[PDB]
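One structure below.
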Amino acid sequence: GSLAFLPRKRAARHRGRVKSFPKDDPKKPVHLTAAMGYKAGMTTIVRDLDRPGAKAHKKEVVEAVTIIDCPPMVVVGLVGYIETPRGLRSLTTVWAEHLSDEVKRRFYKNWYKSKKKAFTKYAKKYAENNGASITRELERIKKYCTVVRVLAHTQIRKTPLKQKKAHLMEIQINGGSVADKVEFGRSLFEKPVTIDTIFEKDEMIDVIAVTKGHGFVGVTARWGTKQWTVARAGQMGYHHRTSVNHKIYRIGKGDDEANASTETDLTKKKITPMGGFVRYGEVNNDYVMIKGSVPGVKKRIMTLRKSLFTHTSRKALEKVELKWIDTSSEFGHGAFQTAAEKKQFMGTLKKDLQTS
Amino acid sequence: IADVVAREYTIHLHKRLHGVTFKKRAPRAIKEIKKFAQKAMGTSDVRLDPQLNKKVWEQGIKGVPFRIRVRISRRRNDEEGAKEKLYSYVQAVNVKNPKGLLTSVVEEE
Amino acid sequence: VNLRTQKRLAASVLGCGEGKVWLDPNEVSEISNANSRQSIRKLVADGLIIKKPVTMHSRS
RNA sequence: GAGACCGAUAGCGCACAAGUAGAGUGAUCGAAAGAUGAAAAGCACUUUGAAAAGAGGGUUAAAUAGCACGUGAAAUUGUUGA
RNA sequence: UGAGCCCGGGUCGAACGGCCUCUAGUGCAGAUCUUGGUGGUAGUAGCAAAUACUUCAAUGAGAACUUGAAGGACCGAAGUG
RNA sequence: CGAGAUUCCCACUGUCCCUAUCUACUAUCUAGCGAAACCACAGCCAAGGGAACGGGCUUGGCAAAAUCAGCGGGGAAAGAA
RNA sequence: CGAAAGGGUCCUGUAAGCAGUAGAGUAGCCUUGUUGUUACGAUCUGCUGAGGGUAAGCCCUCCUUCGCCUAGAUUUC
């Protein structure tokens, strides 16, 4: 194996952390770096390729794309860090008012038996004229911090998951003075932010996730065989990975009702496969459609972040003309895009007569 | 609400027994029926009818049917200083087809 | 109760094997109380102990 | 009848239902094992326990002598204290 | 100085010691020593194959391997007779 | 089915590998039961420690309770014409 | 939340039974049959892409049905 992914250990956290935001300069406009989503599955497409110099130039190619359910995230806080001879130090964080039950579930571990008493005194700090103290915290961030991040959480109760506990993370704000970033976050308080607002189509991003576990597995599969340098038996899988350069092909709006329709296929259909995503369900929200395979199982929490470095390739400056998106069943050898197509192909049936 | 109550249930022994060893399917079916009654009526004292055992072992040790239709009756155990006041008794019921049948409460009158 | 002796003695008195004799489950107390080859004949006459028929061996 | 002998891993193998238990086809080989208390006075009765036993109570100068019994070391162990 | 000697406290119950000579089966860490007892290893290795067991009831303080009934399997007259 | 028309494969070997059958050993935890081998005391490294000698020494790297599983390293070796 | 059910999606490949003179064949009635009858019957066809399975690591549920639920034990500056 590679001595660069060792100490081959299970990921310390299920969420997966960014570990590096792109470097910040004040000249760029104010923007957010990262976002969150849940892996729904993957499907097949056909792209009219414009790669000047390729043998598939001006030809139709079949590609595999991963679909990420991305309900809008909610901003609930703002954290400010300072530079010290020992690194970055979180000087202070100021939250939003009216936190949601899902983020309070994130804070609690046994939510059902608990008195749900989190951040009540903080809301009283807003309401009872301790807004002087809160403004003092904002001004401390303005006048002492060098980098600002925003606290944001996902919407499980829109995601088709049995879970009810949300996911918090800090998304770094770049491109402006610290005062501009503080005002931006304070204005973003108690507001939903969308994936088409953070990213857009044609843009390569980086995906942070925890790759699927397989338990105690021997050297044959753990490293790929026929001291730390010697292949040993142990945990294989469930590993934190940051996979780079994945092209954002589409962002579907969820309420469009024609997410899977292209300018070539005039079929009013959505991204969800016929019968639903296997083991996941239906995508009823904003979704991100990106090229290739991506670390993580279905319904796993995923972090989507901007590229650290300005790109060096023509694959990152290309437009993606889509021809069609596969919506056949993933539960077996499916050959119909819609139930209407299946009915038109197979005619009417005995149960159709019995019901009608 | 009533402590004494009898209802009729359908058990999906197919999903309870998927992947189980063929030579242990039937005893596993008996244990899964006990667990089903314990979860449904909340009584750890579950008594199975010998003819329900007949129905489970009808098709050998590895021919357990996919769906079984049973009647579970929670009654009162008087005894003398018994550890559990209530007990569930489960019987096999005779139906044309154990599919498409909802959960129904059977009236004693 | 233990009815091994009753099983064996009933087989002996009915002239069959231990596998072809049937003791009434509802009267195990009286079968246990009966402990002689005359009391077991009493029970056989009363119907509490039965010689089961031979297994069907259809030849067609 | 005696001893400047030995004193239960000693002295005969055997201080004891020892040439016994046991082993070997057989010729043969062959152990371990003493001590309540002056006197059984060897714990009546009550209670818990299925019972074995336990706890009260009692005998005795003593149960820190209960027939796993004079005194009761070390190795090893449990509990408490530091 | 030392091998050792003496006292106090606790346990115990029947004999023992100082001094001068005599006498010897008289002084132990070893001998892969002898006999006996006791540890770590350690609640560890391990407790096989003969396909297979299940429900109710009974006795009992206690029931997988105790019984009765009902099922599901087996020896297959060169038998698990 | 039709004088029906056309296409492909047939080997030997004292060789190797794989599939198939049979034989044998193959097994984590829980309840209960339950040994033996072996045991001066120990067990982290690198350099140095004249006698091809290090495990305890010098001086350095360091070094944080109690454990579970896997295991491929160490705790084994000469005697010299 | 759990158990059923319904719908969807996948897998297999057309259930049991009945009927049609379609039916290769197997036999009786009476006399010649130029169209004789009466019974049985492989196989065929129709009812029938039906019948069965479907989450056990598939998808959805407007009051689809039934049931459950503010517990009980320990520990913490």
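Reminder, nothing fancy here: chain letters follow the sequence lines and each chain counts from 1. The analysis underlying the following values was restricted to heavy atoms, covering all of them including side chains, and did not include hydrogens, waters or symmetry mates.
Residue B:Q51 forms a side-chain contact (heavy atoms from CB on, under 4.5 Å) with just one option from B:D49, B:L48, B:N53, and that option is B:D49. Considering A:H240, A:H239, A:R300 in turn, A:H239 is the only one that fulfils the side-chain contact (heavy atoms from CB on, under 4.5 Å) rule with A:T211.
With hydrogens and angles left out, the side chain of A:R232 and the base of F:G72 share a donor-acceptor pair within 3.5 Å. Side-chain N/O atoms of A:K350 and base N/O atoms of G:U48 include no donor-acceptor pair closer than 3.5 Å. Under 3.5 Å, the side chain of B:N53 and the base of E:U54 form at least one donor-acceptor pair of N or O atoms.
The side chain of B:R69 places no N or O atom within less than 4.0 Å of a non-bridging phosphate oxygen (OP1 or OP2) of G:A4. At least one side-chain nitrogen or oxygen of B:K23 sits closer than 4.0 Å to the OP1 or OP2 atom of E:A52. For G:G53, one of the phosphate oxygens OP1 or OP2 lies less than 4.0 angstrom from a side-chain nitrogen or oxygen of B:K99. The shortest distance between the side-chain N/O atoms of B:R28 and the OP1/OP2 oxygens of E:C53 is not below 4.0 Å.
With a cut-off of 3.5 Å on both pairing distances, the Watson-Crick or G-U wobble partner of G:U26 is G:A39. For F:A78, there is no paired nucleotide, since no Watson-Crick or G-U wobble pair has both relevant distances below 3.5 Å. Using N1 to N3 plus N6-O4 or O6-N4 for Watson-Crick, or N1-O2 and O6-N3 for G-U wobble, each under 3.5 Å, G:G13 pairs with nothing. Across all strands shown, F:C38 forms a Watson-Crick or G-U wobble pair, both distances under 3.5 Å, with E:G40. Base pairing annotation: E:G68 forms a Watson-Crick or G-U wobble pair with E:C56, both donor-acceptor distances under 3.5 Å. Using the Watson-Crick or G-U wobble rule with both distances under 3.5 Å, G:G20 pairs with G:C44.
Ring orientation note: the planes of A:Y238 and A:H14 are tilted relative to one another, at an angle of 30° to 60°. In this pair, A:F345 and A:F336 present their aromatic rings tilted. The plane angle is within the 30 to 60° band.
Within 4.0 Å of A:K115, counting heavy atoms only, lies no atom of the nucleic acid at all. As judged by a 4.0 angstrom heavy-atom cut-off over every strand, A:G275 is placed among the base-contacting residues. Across all strands, B:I11 comes closer than 4.0 Å only to sugar-phosphate atoms, never to a base (heavy-atom distances). Within the nucleic acid shown, B:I61 comes within 4.0 Å of at least one base atom, counting heavy atoms only. Counting any heavy atom pair closer than 4.0 Å across all strands shown, A:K162 reaches sugar-phosphate atoms only and no base atom. Using a 4.0 Å heavy-atom criterion, one finds that B:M41 contacts no nucleic acid atom at all. Nucleic acid contact for C:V1: base, since at least one base atom lies under 4.0 Å from a heavy atom of the residue.
Of the candidates E:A52, E:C56, E:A69, E:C56 carries the atom nearest the B:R47 side chain, counting heavy atoms from C-beta on.
Taking the ring axis of B:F36 as reference, the NZ or CZ atom of B:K39 stays within 45° of it and closer than 6.0 Å to the ring centre.
Between the CG atom of C:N33 and the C1' atom of E:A58 there is a distance of 13 Å, rounded to whole Å. Put simply, CD on C:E27 is 16 Å from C1' on E:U67, counting in whole angstrom units. One atom, CG of C:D24, and another, P of E:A70, lie 11 Å apart when rounded to the nearest Å. Atoms CZ (A:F277) and P (G:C58) sit 16 Å apart, rounded to a whole Å. One interatomic measurement links the two molecules: CG of C:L3 to P of E:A57, which rounds to 18 Å at whole-angstrom precision. Remark: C1' of E:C53 and NZ of B:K24 are 12 Å apart, rounded to the nearest angstrom.
Both geometric conditions, a ring-centre gap below 5.5 Å and a plane tilt below 30°, are fulfilled for A:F331 over the base of G:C58.
Residues B:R74 and B:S88 have side chains that never bring a donor and an acceptor to within less than 3.5 angstrom of each other.
If you check residues 101-109 of chain B against RNA chain G, the residues with a heavy atom closer than 4.0 Å are B:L101, B:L102, B:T103, listed by number.
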(request) Begin with the C-alpha distance, continue with both residues' side-chain angles, and end with the deciding distance and a verdict on side chain to side chain contact (heavy atoms under 4.5 Å, CB included) for A:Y280 and A:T272. (result) CA-CA 10 Å; A:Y280 183 79; A:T272 305; over 6 Å; no

